[PDB]
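This is my_file-v4.csv. It holds CSV, C-alpha atoms and all ligand atoms.
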chain,number,residue,atom,x,y,z
A,11,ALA,CA,118.9,-40.2,108.6
A,12,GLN,CA,118.9,-36.6,107.5
A,13,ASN,CA,117.9,-35.7,103.9
A,14,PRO,CA,117.0,-39.2,103.0
A,15,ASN,CA,115.6,-38.2,99.5
A,16,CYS,CA,119.0,-36.6,98.7
A,17,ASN,CA,117.6,-33.2,97.8
A,18,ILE,CA,119.9,-30.3,97.1
A,19,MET,CA,119.9,-28.1,100.2
A,20,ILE,CA,120.3,-24.3,100.3
A,21,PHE,CA,122.0,-22.6,103.2
A,22,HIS,CA,121.9,-19.0,104.4
A,23,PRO,CA,124.7,-18.7,107.0
A,24,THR,CA,124.8,-15.6,109.1
A,25,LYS,CA,127.9,-13.5,109.2
A,26,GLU,CA,129.0,-15.2,112.4
A,27,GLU,CA,128.5,-18.6,110.9
A,28,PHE,CA,130.5,-17.6,107.8
A,29,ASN,CA,133.7,-17.3,109.8
A,30,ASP,CA,134.7,-20.8,110.2
A,31,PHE,CA,134.6,-22.6,106.9
A,32,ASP,CA,135.3,-26.2,108.1
A,33,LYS,CA,132.8,-25.9,110.9
A,34,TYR,CA,130.1,-24.8,108.4
A,35,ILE,CA,130.8,-27.6,106.0
A,36,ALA,CA,130.5,-30.0,108.9
A,37,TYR,CA,127.2,-28.3,109.9
A,38,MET,CA,125.8,-28.7,106.4
A,39,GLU,CA,126.7,-32.4,106.5
A,40,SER,CA,125.0,-32.8,109.9
A,41,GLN,CA,121.8,-31.7,108.1
A,42,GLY,CA,122.4,-34.3,105.3
A,43,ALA,CA,123.5,-31.9,102.6
A,44,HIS,CA,126.1,-34.3,101.3
A,45,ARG,CA,123.5,-36.8,100.4
A,46,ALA,CA,122.6,-34.7,97.4
A,47,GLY,CA,126.1,-34.4,96.1
A,48,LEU,CA,125.7,-30.7,95.8
A,49,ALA,CA,124.6,-27.8,98.1
A,50,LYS,CA,124.1,-24.0,97.5
A,51,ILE,CA,125.4,-21.5,100.0
A,52,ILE,CA,124.0,-17.9,99.9
A,53,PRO,CA,126.5,-15.6,101.7
A,54,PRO,CA,125.3,-13.3,104.4
A,55,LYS,CA,124.2,-9.9,103.1
A,56,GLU,CA,127.2,-8.2,104.8
A,57,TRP,CA,129.7,-10.2,102.8
A,58,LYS,CA,131.4,-9.4,99.5
A,59,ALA,CA,134.1,-11.2,97.4
A,60,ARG,CA,135.7,-8.0,96.3
A,61,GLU,CA,134.7,-4.4,95.8
A,62,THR,CA,134.1,-4.4,92.0
A,63,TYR,CA,134.6,-6.4,88.8
A,64,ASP,CA,135.4,-3.3,86.8
A,65,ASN,CA,139.0,-4.1,86.3
A,66,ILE,CA,139.1,-7.7,85.1
A,67,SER,CA,139.3,-7.3,81.3
A,68,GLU,CA,143.0,-7.6,81.1
A,69,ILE,CA,143.1,-11.2,82.5
A,70,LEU,CA,144.4,-13.5,79.8
A,71,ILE,CA,142.7,-16.6,78.6
A,72,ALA,CA,145.8,-18.3,77.2
A,73,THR,CA,144.0,-21.3,75.7
A,74,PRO,CA,140.3,-20.8,75.1
A,75,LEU,CA,138.7,-24.1,74.4
A,76,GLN,CA,136.0,-24.6,71.6
A,77,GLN,CA,133.7,-27.3,72.8
A,78,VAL,CA,132.7,-29.4,69.8
A,79,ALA,CA,130.0,-32.0,70.3
A,80,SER,CA,129.4,-35.4,68.7
A,81,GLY,CA,126.4,-37.7,69.2
A,82,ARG,CA,122.7,-37.0,69.7
A,83,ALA,CA,121.1,-34.1,71.5
A,84,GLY,CA,120.7,-36.0,74.8
A,85,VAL,CA,123.8,-38.2,74.6
A,86,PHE,CA,126.9,-36.7,73.3
A,87,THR,CA,130.6,-36.2,73.9
A,88,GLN,CA,132.6,-33.0,73.5
A,89,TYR,CA,136.2,-32.4,72.6
A,90,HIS,CA,138.1,-29.3,73.2
A,91,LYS,CA,139.7,-27.5,70.3
A,92,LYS,CA,142.3,-25.1,71.4
A,93,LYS,CA,141.9,-21.5,70.1
A,94,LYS,CA,144.3,-18.5,70.1
A,95,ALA,CA,144.7,-16.5,73.3
A,96,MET,CA,142.4,-13.7,74.2
A,97,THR,CA,141.8,-11.3,77.0
A,98,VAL,CA,138.7,-11.5,79.2
A,99,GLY,CA,137.5,-8.2,77.5
A,100,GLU,CA,137.9,-9.9,74.1
A,101,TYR,CA,136.2,-13.0,75.4
A,102,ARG,CA,133.2,-11.1,76.9
A,103,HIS,CA,132.7,-9.3,73.5
A,104,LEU,CA,132.8,-12.6,71.8
A,105,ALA,CA,130.3,-14.1,74.2
A,106,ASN,CA,127.9,-11.2,73.6
A,107,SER,CA,128.2,-11.4,69.8
A,108,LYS,CA,125.3,-12.5,67.7
A,109,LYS,CA,126.9,-15.9,67.0
A,110,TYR,CA,127.4,-16.8,70.7
A,111,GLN,CA,124.9,-14.8,72.8
A,112,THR,CA,122.1,-16.3,74.9
A,113,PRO,CA,118.9,-16.4,72.8
A,114,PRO,CA,115.7,-14.8,73.9
A,115,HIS,CA,114.0,-16.9,76.5
A,116,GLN,CA,111.1,-16.7,79.0
A,117,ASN,CA,112.8,-18.1,82.1
A,118,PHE,CA,115.5,-20.6,83.3
A,119,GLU,CA,113.3,-23.5,82.3
A,120,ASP,CA,112.8,-22.3,78.8
A,121,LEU,CA,116.6,-21.8,78.5
A,122,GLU,CA,117.3,-25.3,79.8
A,123,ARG,CA,115.0,-26.7,77.1
A,124,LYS,CA,116.8,-24.7,74.4
A,125,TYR,CA,120.1,-25.9,75.8
A,126,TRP,CA,119.2,-29.6,75.6
A,127,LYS,CA,117.5,-29.2,72.3
A,128,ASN,CA,120.2,-27.3,70.5
A,129,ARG,CA,123.6,-27.5,72.3
A,130,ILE,CA,125.1,-30.1,69.9
A,131,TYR,CA,124.6,-27.8,66.9
A,132,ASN,CA,126.9,-25.1,68.2
A,133,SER,CA,130.5,-25.0,69.5
A,134,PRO,CA,130.8,-22.4,72.3
A,135,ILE,CA,134.2,-21.3,73.6
A,136,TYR,CA,135.1,-21.8,77.3
A,137,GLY,CA,138.0,-20.1,79.2
A,138,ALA,CA,138.6,-22.9,81.7
A,139,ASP,CA,141.0,-23.9,84.3
A,140,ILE,CA,142.9,-20.6,84.5
A,141,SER,CA,145.1,-20.6,87.7
A,142,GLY,CA,144.2,-17.5,89.7
A,143,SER,CA,141.7,-15.7,92.0
A,144,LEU,CA,139.3,-12.8,92.0
A,145,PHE,CA,138.9,-12.7,95.8
A,146,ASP,CA,140.2,-9.6,97.4
A,147,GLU,CA,143.1,-10.4,99.8
A,148,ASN,CA,141.2,-8.6,102.5
A,149,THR,CA,138.1,-10.9,102.2
A,150,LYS,CA,138.6,-13.2,105.2
A,151,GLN,CA,135.5,-15.4,105.0
A,152,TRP,CA,135.1,-18.1,102.3
A,153,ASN,CA,138.0,-16.8,100.3
A,154,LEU,CA,138.8,-19.7,97.9
A,155,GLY,CA,142.5,-18.7,97.8
A,156,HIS,CA,142.9,-19.0,101.6
A,157,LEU,CA,141.4,-22.4,102.3
A,158,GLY,CA,143.3,-25.0,104.3
A,159,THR,CA,145.1,-27.2,101.8
A,160,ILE,CA,144.4,-30.8,100.9
A,161,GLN,CA,148.0,-31.7,101.7
A,162,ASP,CA,147.7,-30.3,105.1
A,163,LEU,CA,144.4,-32.2,105.7
A,164,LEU,CA,146.0,-35.5,104.6
A,165,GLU,CA,148.9,-34.7,107.0
A,166,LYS,CA,146.6,-33.8,109.9
A,167,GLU,CA,144.5,-37.0,109.4
A,168,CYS,CA,147.1,-39.5,108.4
A,169,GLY,CA,150.4,-38.0,109.7
A,170,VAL,CA,152.3,-38.1,106.4
A,171,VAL,CA,153.8,-35.0,105.0
A,172,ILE,CA,153.5,-34.7,101.2
A,173,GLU,CA,154.5,-32.4,98.4
A,174,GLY,CA,152.0,-30.4,96.4
A,175,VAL,CA,150.0,-27.3,96.4
A,176,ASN,CA,146.3,-26.5,96.0
A,177,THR,CA,145.3,-23.2,94.2
A,178,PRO,CA,142.0,-22.0,92.7
A,179,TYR,CA,141.0,-21.8,89.1
A,180,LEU,CA,139.0,-19.3,87.1
A,181,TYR,CA,136.4,-20.2,84.5
A,182,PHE,CA,135.1,-17.7,82.0
A,183,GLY,CA,131.9,-19.0,80.3
A,184,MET,CA,129.4,-18.2,77.7
A,185,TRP,CA,126.0,-19.5,76.5
A,186,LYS,CA,126.1,-23.3,76.1
A,187,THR,CA,129.6,-23.8,77.6
A,188,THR,CA,129.4,-27.1,79.2
A,189,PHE,CA,130.9,-29.2,82.0
A,190,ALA,CA,130.7,-32.9,81.4
A,191,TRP,CA,129.6,-35.5,83.9
A,192,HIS,CA,132.4,-36.0,86.5
A,193,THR,CA,133.4,-36.4,90.1
A,194,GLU,CA,136.4,-34.5,91.3
A,195,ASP,CA,140.0,-35.8,91.2
A,196,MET,CA,140.4,-38.4,93.9
A,197,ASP,CA,136.6,-37.8,94.7
A,198,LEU,CA,137.5,-34.6,96.5
A,199,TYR,CA,135.0,-31.8,97.4
A,200,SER,CA,134.8,-28.8,95.2
A,201,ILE,CA,133.6,-25.3,96.0
A,202,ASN,CA,132.6,-22.9,93.2
A,203,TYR,CA,131.8,-19.2,93.5
A,204,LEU,CA,130.0,-17.5,90.6
A,205,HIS,CA,131.7,-14.0,90.7
A,206,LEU,CA,129.7,-12.4,88.0
A,207,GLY,CA,127.4,-12.6,85.0
A,208,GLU,CA,124.9,-15.1,83.9
A,209,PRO,CA,123.8,-18.2,85.8
A,210,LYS,CA,125.2,-21.8,85.8
A,211,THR,CA,122.8,-24.7,85.8
A,212,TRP,CA,123.9,-27.9,87.6
A,213,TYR,CA,122.8,-31.4,87.6
A,214,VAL,CA,124.0,-33.9,90.3
A,215,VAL,CA,123.7,-37.6,91.2
A,216,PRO,CA,123.6,-38.5,94.9
A,217,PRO,CA,126.9,-40.1,95.9
A,218,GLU,CA,125.1,-43.2,97.1
A,219,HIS,CA,123.9,-43.6,93.5
A,220,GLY,CA,126.9,-42.8,91.6
A,221,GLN,CA,127.5,-46.3,90.3
A,222,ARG,CA,124.0,-46.1,88.6
A,223,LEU,CA,125.3,-43.3,86.6
A,224,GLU,CA,128.5,-45.1,85.7
A,225,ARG,CA,126.6,-48.1,84.6
A,226,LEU,CA,124.4,-46.0,82.3
A,227,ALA,CA,127.4,-44.2,81.0
A,228,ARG,CA,129.1,-47.6,80.0
A,229,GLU,CA,125.9,-48.5,78.1
A,230,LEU,CA,125.6,-45.1,76.3
A,231,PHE,CA,129.3,-44.7,75.5
A,232,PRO,CA,130.3,-48.3,74.8
A,233,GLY,CA,133.6,-47.7,72.8
A,234,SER,CA,134.8,-45.3,75.5
A,235,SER,CA,133.9,-47.8,78.2
A,236,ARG,CA,136.0,-50.4,76.5
A,237,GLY,CA,138.9,-47.9,76.2
A,238,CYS,CA,139.0,-47.1,79.9
A,239,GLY,CA,137.4,-48.5,83.1
A,240,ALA,CA,137.0,-44.9,84.5
A,241,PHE,CA,136.3,-43.0,81.3
A,242,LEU,CA,134.1,-40.4,83.1
A,243,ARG,CA,137.5,-39.1,84.4
A,244,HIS,CA,138.0,-37.9,80.9
A,245,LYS,CA,135.4,-35.3,81.4
A,246,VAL,CA,133.8,-35.5,78.0
A,247,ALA,CA,130.4,-37.2,78.3
A,248,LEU,CA,127.0,-35.6,78.5
A,249,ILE,CA,123.7,-37.2,79.3
A,250,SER,CA,120.5,-35.1,79.5
A,251,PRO,CA,118.0,-35.0,82.2
A,252,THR,CA,115.4,-36.5,79.9
A,253,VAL,CA,117.7,-39.5,79.3
A,254,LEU,CA,118.6,-39.8,82.9
A,255,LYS,CA,114.8,-39.9,83.8
A,256,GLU,CA,114.2,-42.5,81.0
A,257,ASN,CA,116.8,-44.7,82.6
A,258,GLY,CA,115.7,-44.2,86.2
A,259,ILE,CA,118.9,-42.5,87.4
A,260,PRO,CA,118.4,-40.5,90.5
A,261,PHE,CA,119.4,-36.8,90.1
A,262,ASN,CA,118.6,-33.3,91.0
A,263,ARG,CA,119.1,-29.9,89.3
A,264,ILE,CA,119.6,-26.3,90.5
A,265,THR,CA,120.7,-23.0,89.0
A,266,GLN,CA,123.5,-21.0,90.6
A,267,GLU,CA,123.4,-17.2,90.3
A,268,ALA,CA,126.1,-14.6,90.6
A,269,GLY,CA,127.1,-14.2,94.3
A,270,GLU,CA,126.3,-17.8,95.3
A,271,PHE,CA,128.6,-20.7,96.2
A,272,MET,CA,128.1,-24.3,95.3
A,273,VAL,CA,129.8,-27.2,97.1
A,274,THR,CA,130.1,-30.5,95.5
A,275,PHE,CA,130.6,-33.5,97.9
A,276,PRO,CA,132.9,-36.5,97.5
A,277,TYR,CA,131.7,-38.8,94.7
A,278,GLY,CA,128.9,-36.5,93.7
A,279,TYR,CA,128.7,-36.7,89.9
A,280,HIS,CA,127.9,-33.3,88.4
A,281,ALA,CA,127.4,-31.7,85.0
A,282,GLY,CA,126.0,-28.4,83.8
A,283,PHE,CA,126.1,-25.4,81.5
A,284,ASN,CA,126.4,-21.7,81.5
A,285,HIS,CA,123.6,-19.3,80.6
A,286,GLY,CA,125.7,-16.5,79.1
A,287,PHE,CA,128.9,-14.6,79.9
A,288,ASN,CA,130.1,-15.4,83.4
A,289,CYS,CA,133.1,-15.9,85.6
A,290,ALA,CA,133.4,-18.5,88.3
A,291,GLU,CA,136.2,-19.5,90.6
A,292,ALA,CA,136.6,-23.0,92.0
A,293,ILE,CA,139.0,-25.2,94.0
A,294,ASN,CA,139.1,-28.6,95.5
A,295,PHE,CA,139.2,-29.2,99.2
A,296,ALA,CA,139.1,-32.1,101.7
A,297,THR,CA,137.7,-32.8,105.1
A,298,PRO,CA,138.2,-35.8,107.4
A,299,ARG,CA,135.2,-37.5,105.9
A,300,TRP,CA,136.8,-37.4,102.4
A,301,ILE,CA,139.7,-39.7,103.3
A,302,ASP,CA,137.6,-42.9,102.9
A,303,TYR,CA,136.4,-41.6,99.5
A,304,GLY,CA,139.9,-40.8,98.4
A,305,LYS,CA,141.1,-44.3,99.2
A,306,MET,CA,138.3,-45.8,97.1
A,307,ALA,CA,138.3,-43.4,94.1
A,308,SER,CA,138.5,-44.9,90.7
A,309,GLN,CA,141.2,-44.0,88.5
A,310,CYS,CA,141.9,-43.5,84.8
A,311,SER,CA,145.2,-45.2,83.8
A,312,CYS,CA,144.6,-45.1,80.0
A,313,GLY,CA,146.4,-41.8,79.5
A,314,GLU,CA,143.5,-39.6,78.7
A,315,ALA,CA,142.7,-38.0,82.1
A,316,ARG,CA,146.1,-36.4,82.7
A,317,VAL,CA,146.0,-34.3,86.0
A,318,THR,CA,147.9,-32.0,88.2
A,319,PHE,CA,151.2,-32.6,89.9
A,320,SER,CA,149.5,-32.8,93.3
A,321,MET,CA,147.5,-35.9,92.6
A,322,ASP,CA,150.6,-38.0,92.6
A,323,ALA,CA,150.9,-38.0,96.4
A,324,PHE,CA,147.3,-38.6,96.9
A,325,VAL,CA,147.5,-41.8,94.8
A,326,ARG,CA,150.8,-42.8,96.2
A,327,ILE,CA,149.7,-42.6,99.8
A,328,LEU,CA,146.0,-43.5,99.7
A,329,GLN,CA,146.1,-46.0,96.8
A,330,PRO,CA,149.6,-47.6,96.8
A,331,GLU,CA,148.4,-50.8,95.0
A,332,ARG,CA,147.1,-48.6,92.1
A,333,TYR,CA,150.0,-46.2,92.0
A,334,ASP,CA,152.3,-47.9,89.5
A,335,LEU,CA,149.6,-48.4,86.9
A,336,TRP,CA,148.2,-44.9,87.4
A,337,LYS,CA,151.6,-43.3,87.1
A,338,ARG,CA,152.3,-45.2,83.8
A,339,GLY,CA,149.1,-43.4,82.5
A,340,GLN,CA,150.5,-40.1,83.6
A,341,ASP,CA,153.8,-40.8,81.6
B,401,LIG,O1,132.1,-24.4,86.5
B,401,LIG,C1,132.5,-25.3,85.8
B,401,LIG,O2,132.7,-25.3,84.5
B,401,LIG,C2,132.8,-26.7,86.3
B,401,LIG,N1,132.9,-26.6,87.8
B,401,LIG,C3,133.0,-27.7,88.5
B,401,LIG,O3,132.9,-28.9,88.0
B,401,LIG,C4,133.2,-27.6,90.0
B,401,LIG,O4,133.2,-26.5,90.5
B,401,LIG,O5,133.4,-28.7,90.5
B,402,MG,MG,142.4,-7.0,84.2
B,403,NI,NI,133.5,-30.4,89.3
B,404,ZN,ZN,141.0,-43.2,80.8

Could you render the structure as structure tokens?
Amino acid sequence: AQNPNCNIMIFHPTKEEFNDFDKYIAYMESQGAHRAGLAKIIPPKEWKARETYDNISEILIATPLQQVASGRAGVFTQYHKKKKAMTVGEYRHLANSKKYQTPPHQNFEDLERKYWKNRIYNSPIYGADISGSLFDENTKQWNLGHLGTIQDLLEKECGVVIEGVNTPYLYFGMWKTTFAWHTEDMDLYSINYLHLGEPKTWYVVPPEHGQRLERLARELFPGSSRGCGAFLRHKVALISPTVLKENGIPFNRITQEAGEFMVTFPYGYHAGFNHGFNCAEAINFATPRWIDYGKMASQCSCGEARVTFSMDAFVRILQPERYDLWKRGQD
């Protein structure tokens, strides 16, 4: 069995190996990358996502989200307070302001310590989930706006034609902006490219151990757990590495830098934070190996998780017994 300790693997594809996306995902899996839940892919030196980032300041962040925390430093939830619209240029200025800028630090490890110590005492503002792409149309390799769609994958594998579309999203971050512990919708893969700026630290639980994380989370968030049998789908709960280690939960951590891709694998729980002003792009995707995960994915039916249009068909076809209850939670 490859990668039996479920370590995060890092890949350096050549330009030739960078041509066929599906083939390279399958290669990484052949080497056990998926056992970690997360892999890093460093693009060949010849590749670029686009020529420059000099002309992105006029992008609009229609609903910046202030991430307000409640709890204790290692175990907290966050809610998102909507803020007035602002451009990327306005948001970058804000991120670099004395109130929000990254503090002086020695290295990533020092910064990680400061994050876990101090995050709850601040409310950083995140430009998340903005539909769009920063890949140049002429970038032919690993262009996250030109991937094969999940609808087409389900059709190829299962023969059923469904409605829905699959497009990427931009994330503009700042120091302490936080992504809560989650798996993807329908336990899909995700791919994330850090276009520019400061790093993103990730934490991940191996898919084979995901239920250990869920059990801890039910313990640590007992009201939320009573509210919903899949409350991590709400994407609001944070647990620190110290707390995970205290409770024996297997996990790994890595920092993504600008110019690097990360792939999350089906049912790989992940969480993390940004080091300073940055811009990432991400999208969900599927492969044939995902289908069995999609069929087994938990679902939130309490009303909180509310998701895209395109999840309807996935539920309806892969999880017909759950469909009626899930759809009630959508409505
Ligand atoms: O970058 C972020 O804020 C969150 N990204 C992801 O959860 C992802 O790419 O799957
Ligand atoms: Mg612009
Ligand atoms: Ni994710
Ligand atoms: Zn719920």

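Among the candidates A:288, A:147, A:230, A:69, the residue lying nearest to ligand MG 402 (chain B) is A:69 (atoms considered: only C-alpha atoms and all ligand atoms).
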
Write out as a short mmCIF file (atom, residue, chain, number, x, y, z; two decimals) with C-alpha atoms, in the coordinates of the input the residues lying within 9 Å of residue 316 of chain A, counting only C-alpha atoms and excluding same-chain residues fewer than 5 positions away.
data_model
loop_
_atom_site.label_atom_id
_atom_site.label_comp_id
_atom_site.auth_asym_id
_atom_site.auth_seq_id
_atom_site.Cartn_x
_atom_site.Cartn_y
_atom_site.Cartn_z
CA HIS A 244 138.00 -37.90 80.90
CA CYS A 310 141.90 -43.50 84.80
CA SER A 311 145.20 -45.20 83.80
CA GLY A 339 149.10 -43.40 82.50
CA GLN A 340 150.50 -40.10 83.60
CA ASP A 341 153.80 -40.80 81.60
#

May I ask which of the residues A:66, A:272, A:168, A:312 is the closest one to residue 235 of chain A, counting only C-alpha atoms?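 Of A:66, A:272, A:168, A:312, the one nearest residue 235 of chain A, counting only C-alpha atoms, is A:312.
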
All residues 7 Å or closer to residue 192 of chain A, all atoms listed in the file, same chain fewer than 4 positions away omitted, as a PyMOL selection string: chain A and resi 242-243+245+279-281

Rows by chain and residue number, segment 171-223 of chain A within 10 Å of segment 82-99 of chain A, shortest pair, all atoms listed in the file, as CSV:
residue,atom,partner,partner_atom,distance
A:182,CA,A:98,CA,7.7
A:188,CA,A:88,CA,8.8
A:189,CA,A:88,CA,9.5
A:190,CA,A:88,CA,8.1

Can you work out the spacing between atom CA of residue 206 of chain A and atom CA of residue 109 of chain A in Å, to one decimal?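 Computed distance, atom CA of residue 206 of chain A to atom CA of residue 109 of chain A, equals 21.5 Å.
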